[PDB]
4 protein chains.
Amino acid sequence: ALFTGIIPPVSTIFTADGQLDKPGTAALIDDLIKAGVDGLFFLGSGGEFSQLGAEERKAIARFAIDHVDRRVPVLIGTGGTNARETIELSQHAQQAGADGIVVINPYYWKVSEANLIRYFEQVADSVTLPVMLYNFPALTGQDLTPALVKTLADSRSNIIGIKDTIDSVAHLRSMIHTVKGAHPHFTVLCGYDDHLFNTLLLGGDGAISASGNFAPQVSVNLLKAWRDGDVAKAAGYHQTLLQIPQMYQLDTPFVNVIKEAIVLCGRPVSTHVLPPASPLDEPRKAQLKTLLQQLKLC
Amino acid sequence: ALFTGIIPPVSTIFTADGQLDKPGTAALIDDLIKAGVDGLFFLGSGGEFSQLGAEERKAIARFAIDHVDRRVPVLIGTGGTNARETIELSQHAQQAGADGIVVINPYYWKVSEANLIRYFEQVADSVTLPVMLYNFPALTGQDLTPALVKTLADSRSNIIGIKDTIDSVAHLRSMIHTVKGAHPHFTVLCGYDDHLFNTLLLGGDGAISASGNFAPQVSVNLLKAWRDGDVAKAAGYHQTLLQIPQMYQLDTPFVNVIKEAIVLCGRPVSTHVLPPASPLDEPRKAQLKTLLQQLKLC
Amino acid sequence: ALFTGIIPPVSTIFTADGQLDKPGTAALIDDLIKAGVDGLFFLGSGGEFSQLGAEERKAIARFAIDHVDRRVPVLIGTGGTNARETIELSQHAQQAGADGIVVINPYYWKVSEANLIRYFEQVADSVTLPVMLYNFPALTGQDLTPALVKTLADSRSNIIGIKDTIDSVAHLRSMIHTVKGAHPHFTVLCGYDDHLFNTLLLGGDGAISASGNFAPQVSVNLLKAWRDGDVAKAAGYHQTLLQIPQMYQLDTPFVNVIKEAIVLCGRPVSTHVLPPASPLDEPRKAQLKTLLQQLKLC
Amino acid sequence: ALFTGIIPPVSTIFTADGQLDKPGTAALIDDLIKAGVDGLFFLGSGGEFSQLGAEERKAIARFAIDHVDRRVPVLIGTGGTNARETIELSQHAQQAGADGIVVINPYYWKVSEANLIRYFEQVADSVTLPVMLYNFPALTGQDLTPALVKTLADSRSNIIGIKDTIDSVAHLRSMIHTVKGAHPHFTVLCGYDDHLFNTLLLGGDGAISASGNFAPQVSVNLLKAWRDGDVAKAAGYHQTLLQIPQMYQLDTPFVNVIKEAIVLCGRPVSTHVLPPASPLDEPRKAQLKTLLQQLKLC
Ligand SMILES: *[C@H](C[C@H](O)C=O)C(=O)O
Ligand SMILES: *[C@H](C[C@H](O)C=O)C(=O)O
Ligand SMILES: [Mg+2]
Ligand SMILES: [Mg+2]
Ligand SMILES: [Mg+2]
Ligand SMILES: [Mg+2]
């Protein structure tokens, strides 16, 4: 099974004038590798793919791949609505040296099931990389159902996992039973911090979740405790992860919150976010701070 | 805090000719008390309140109260759409000797916020009993939001808890922070088996969930282990509770599944259900059986 | 085709104690007959069926059928969640002299397709009367799709129409194409005032809508103009029906608004509504009066 | 009021390689001008904006604007998720000679109300052109409510209308009452063929709808009839518009259907569509032909 464990959706650090901040992104990447994560995911939702142009995304991905320098597996988010661009971005990722791509379903038009299957098959045909699907129905308005995902895994042998971003134990459970039941090494990762523990206990593989940016140790240490058989210890970290997502209510999008938390937790980076996100106000920054203090994370 | 712990939503046992089955309902109640539950809830969703007439509900509640004979706390479900009938049923429950009532929001019309608050205030004024609210937005089409619930707790001192039936860690989390933050002894119970463990870890109080009918020991032992500080043991029961809700997919309504599970787990009762539910077919009964066998519950 | 044309969901008039007001209700019935309606529907949503007990409903149906005295066809709404009661109510209706029954899908549990089909078949097999289906997905949480309705019409020759209460031209169009396509005499009536014109232009049959109570002349005149071939005239009445639903925004439920509108348009009936509805307050009563004035309805 | 009457979301014609087909597109533009439309809208949903890259969109807009050569007003759709691109595309549009821009709400993240208001204000402040808002909640997952649209019109004097793409008479009615009430010259256009008549009757201004492409005469004639006072005639055309959207059920996305319909109604343009849309298959082409024949459009 590929891309298991803790794989943060890495924030892209931008300068005050909206440019890729290479020193700050590079520092964050190094912090996360030092924290013992099992891979890194660039240009996910949290990485602001949807507010970046295609050439911008290529530049980011190349930089991030090159900086990681094969120390851990790298995933690149190459999706969007423009299917031709998805193929371009995904071929570019393979050419630049990525280890896999993560592809959401198109999220403007909710295309027919035939078109959707076709789309994923075409993307998967465009590269020899492993492809991780990305379900986020609260944003896409179209669920990648367990049956559909199994149909995709059946169709293309490089469709090898999913980031299932949904506050649903049933959806995770059923994704695992249905897809992993047919394909024991297909990877199921949850997209929310507070579902990591359950995802493991259900027979899934890990998480790609925002707290990997500012508190990776909590997930890293949970996974380690789980793999060590120290279930009580894992449960202790879970209690923390249960509380973290309160923070994400502070704004929408909450990309600003995540970057502010990176700062509060000891890594000073520019917190600039791309429109239509906006900077987090001071009152909510302090609120973030008290939540992190309460959980003993800064 | 009232009505904490494990409180099953007791199935009502009916004869083949659709009458209350007093011997079978009584045996079930006795099994559950023997298993160490903290209370019993009759005429919940699982108890088929919505398929029974008001006089039928009164007869059932009186029998059940009298059979329990004060051995554990008794809750009666008295809700519906007819508000005058809610008050009648609720006063009848107090007069018959119930320890509390559970009231869902009206679920045909989703009334205005003003009318909703008013409705709950009138119901709560009609009785001196403790009132537990019942959120089930998948069926009602109208969420009892944490803010609303706190407004209710603020308004009437006998509105003292909630059964929150939703596959959502966020909703449980926010119910707890918001309402228990203002009212530390307000009771939060989840309505799904697979949310008990998280509910406790979040600072909530228990569950009213269907598996309490056929496998109460799992929840009872989880709660006991949590209270003993044996987290790893609690997590072990949780792993079981994570899988149980697969069963409930076997039909809709799944009241038939629950009663079939009661039988398979060692209590032989008529499994008759009221229309528009229907008897579980033999193939699906066997499927239920293999699920219970796999979880080592029969 | 049975039950075509303008069929008001007649308001139930109650005294302050919540009991049936026979002179008030009778007067309203006589007003509507006199206005040229094609039929009368008692105990629909607007008639407060979901806030009445079974015995209360039977009394109301009996009285209304008896007052109408066969001057126009009479429909009784017999639905609920309690399917045994649905059968008792429907048989009671047939016995009491109704011309047909109107049955909504159970709206607590959204039952499986198999259970839903069976329910409707069982209700239709319980009477020799014609049965109109009732779709109100905003309230039920479960749409009666044109395919499902076709399946029901294919299955039982006494399932002979539908009240399609949805603000959707697509739904009405598809209902008419899919069901009337297969059953040319199946009746399709919209449930909203502002969809009558379109319903008729689409090949549908009329409306059961709330403004039937206080301004039946608009709908009766629209239909007469249409049947007479004066489409410009019909469109003129439609322009008024397009504006009327403004008023229903004044409260939820809006059965209070409908009765105050009956008063304001010249029929002094008691405006009492059953909980959890409540009295329309004086500012909103004044807004309603102003609206009715602007539309030339009082 | 700006941009009133019939303004087609013009189809973008491509060669098989997915590049702009200039003779095809030009011919379609000329057909539509020749049919009496009041304006032309390029790179709406029907124009495939969401499957095109930014440089491609600029090329297309430049070409279209230039071909129209000021014969009718020209709207360019400039939205997306990337707000910096939105500004660049809108400024490009103004520079290129467009009369106005059409901006949808960001449809990945459904941004907070503060962020959304800010977005639209920032986009409106980036140009001196008039700005039409674009509401398509079925696809965006986030409704531009009449209250929000009013707030936008109150905030910026160049936010001057909306394309309200929703199958809802209530939404259109309220949009018109809430916004045009405060801003009598604010333009309200429906986005669906079957709501044009009702839109005009409600006090609104016209339609941006797909049948503008292959049957512009129906809408143009309807509007002429209405403006002439011949409401019966207008209703006649409406009766065709009511039936047209049947065809859009043939595929999702249905941009393929629209181009095949342009071919079948006498204009042989290439029907290529960008992925993830795909070619309409021959059986469905034959159903489409049959439908257009039945409606007397070819
Ligand atoms: C994954 C995490 C999740 O979708 C929260 O936003 C990501 O790509 O950010
Ligand atoms: C409560 C349990 C929960 O609703 C499971 O379905 C009940 O009243 O049945
Ligand atoms: Mg993220
Ligand atoms: Mg239950
Ligand atoms: Mg009504
Ligand atoms: Mg279009």
Side-chain angles (χ1 to χ4, degrees), chain A residues 7-12 41-50 75-77 79 102-104 109 132 134-140 163-167 189-193 195 207-213 245 248 252-255 257-258, chain B residues 7-12 41-49 77 102 134 136 139 163 165 191-193 207-214 245 248 253-255 257-259, chain C residues 109, chain D residues 7-12 41 43-49 77 108-109 134 136 139 163 165 191-193 207-213 245 248 253-255 257-259:
Chain A
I7 296 172
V10 187
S11 309
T12 313
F41 172 36
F42 307 89
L43 305 171
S45 305
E48 293 167 89
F49 81 95
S50 48
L75 294 164
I76 302 302
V102 180
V103 185
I104 200 155
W109 286 101
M132 296 278 289
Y134 189 168
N135 194 39
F136 200 173
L139 297 192
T140 69
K163 170 185 184 184
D164 202 14
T165 311
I166 185 169
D167 178 6
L189 313 177
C190 61
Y192 285 133
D193 306 301
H195 285 273
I208 299 175
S209 70
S211 83
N213 282 283
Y248 312 140
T252 309
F254 53 90
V255 303
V257 179
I258 295 157
Chain B
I7 297 170
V10 189
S11 313
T12 310
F41 169 38
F42 304 94
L43 302 173
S45 303
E48 294 166 88
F49 81 93
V102 177
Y134 186 169
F136 199 170
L139 298 192
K163 169 184 184 190
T165 314
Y192 285 130
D193 306 301
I208 302 178
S209 66
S211 86
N213 284 280
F214 55 82
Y248 310 142
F254 53 92
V255 300
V257 180
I258 296 156
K259 299 173 171 182
Chain C
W109 291 103
Chain D
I7 305 178
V10 178
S11 304
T12 305
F41 172 41
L43 303 167
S45 308
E48 296 170 83
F49 77 98
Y108 185 65
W109 289 105
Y134 190 165
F136 202 165
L139 298 191
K163 182 183 172 183
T165 310
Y192 280 138
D193 300 302
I208 299 180
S209 66
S211 78
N213 289 285
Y248 308 142
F254 47 83
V255 137
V257 176
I258 296 163
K259 302 184 182 174

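Order of listing sets the numbers, starting from 1, for every ligand and every atom in it. Numbers restart at 1 for each chain; the letters A, B, ... are given by sequence-line order, proteins then strands. Values reported hereafter were calculated over all heavy atoms of this structure, with side chains retained and with hydrogens, waters and symmetry mates removed.
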S.K.: Give the residue, atom name and distance (to 0.1 Å) of the protein heavy atom nearest atom 1 (C) of ligand 1.
M.R.: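 In this structure, atom 1 (C) of ligand 1 has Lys163(A) NZ, 1.3 Å as its nearest protein heavy atom.
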S.K.: Are any side-chain N or O atoms of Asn213(B) and backbone N or O atoms of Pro9(B), one a donor and one an acceptor, separated by less than 3.5 Å?
M.R.: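 Side chain of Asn213(B) to backbone of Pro9(B): a pair is present.
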S.K.: In terms of atom number and element, which parts of ligand 1 are under 4.0 angstrom from non-hydrogen atoms of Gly191(A)?
M.R.: 2 (C), 3 (C)
S.K.: Donor-acceptor pair, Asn135(A) side chain versus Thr165(A) backbone, under 3.5 Å?
M.R.: no
S.K.: What do you reckon, does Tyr134(A) put a non-hydrogen atom under 4.0 Å from ligand 1?
M.R.: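 Within the 4.0 Å threshold, so yes.
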S.K.: Determine, using heavy atoms of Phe41(A) and all atoms of ligand 1, whether some pair is separated by less than 4.0 Å.
M.R.: yes
S.K.: Can you confirm, on distance only, whether ligand 1 has an N/O atom lying under 3.5 Å from any N/O atom belonging to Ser45(A)?
M.R.: yes
S.K.: Show, in sequence, the C-alpha distance, side-chain angles and deciding distance for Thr140(A) and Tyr108(D), and conclude whether the side chain to side chain donor-acceptor pair (under 3.5 Å) test is met.
M.R.: CA-CA 7 Å; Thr140(A) 69; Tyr108(D) 185 65; over 6 Å; no
S.K.: What are the two closest non-hydrogen atoms of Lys163(D) and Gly191(D), and how far apart are they?
M.R.: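 Closest pair (atom of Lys163(D), atom of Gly191(D), distance): CE-CA, 4.0 Å.
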S.K.: For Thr165(A), take its heavy atoms, then give the atoms of ligand 1 lying under 4.0 Å from any of them.
M.R.: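 Numbered from 1, ligand 1 contributes 3 (C), 4 (O).
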S.K.: Should the ring pair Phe254(D) and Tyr248(D) be called parallel, tilted or perpendicular, given that the plane angle runs from 0 to 90° and is split at 30 and 60?
M.R.: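 Geometry flag for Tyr248(D) against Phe254(D): parallel rings.
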S.K.: Give a yes/no on ligand 1: does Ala210(A) have at least one heavy atom closer than 4.0 angstrom to it?
M.R.: no
S.K.: Give me the residue, atom name and distance of the protein heavy atom closest to atom 9 (O) of ligand 1.
M.R.: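 Answer for atom 9 (O) of ligand 1: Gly46(A) N, 2.8 Å.
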S.K.: What verdict does the ring-ring contact (aromatic ring centres under 6.0 Å, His included) test give for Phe49(A) and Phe42(A), after you've listed the backbone C-alpha separation in whole Å, the side-chain angles of each residue and the deciding distance to 0.1 Å?
M.R.: CA-CA 9 Å; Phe49(A) 81 95; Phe42(A) 307 89; over 10 Å; no
S.K.: Atoms of ligand 1 less than 4.0 Å from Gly44(A) heavy atoms?
M.R.: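 This gives 8 (O) as the contact atoms.
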S.K.: How many angstroms lie between CG in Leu43(A) and CG in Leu75(A), if you round to the nearest 0.5 Å?
M.R.: 11.0 Å
S.K.: Note the single closest protein heavy atom to atom 6 (O) of ligand 1, along with its residue, its atom name and the distance in Å.
M.R.: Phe136(A) CE1, 3.8 Å
S.K.: Using a 4.0 Å heavy-atom threshold (strictly under), name the region of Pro9(A) that reaches ligand 1: side chain, backbone, both or neither.
M.R.: side chain
S.K.: In terms of the angle between their ring planes, are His195(A) and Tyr192(A) parallel, tilted or perpendicular, with boundaries placed at 30° and 60°?
M.R.: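 Answer is tilted, since the angle falls between 30° and 60°.
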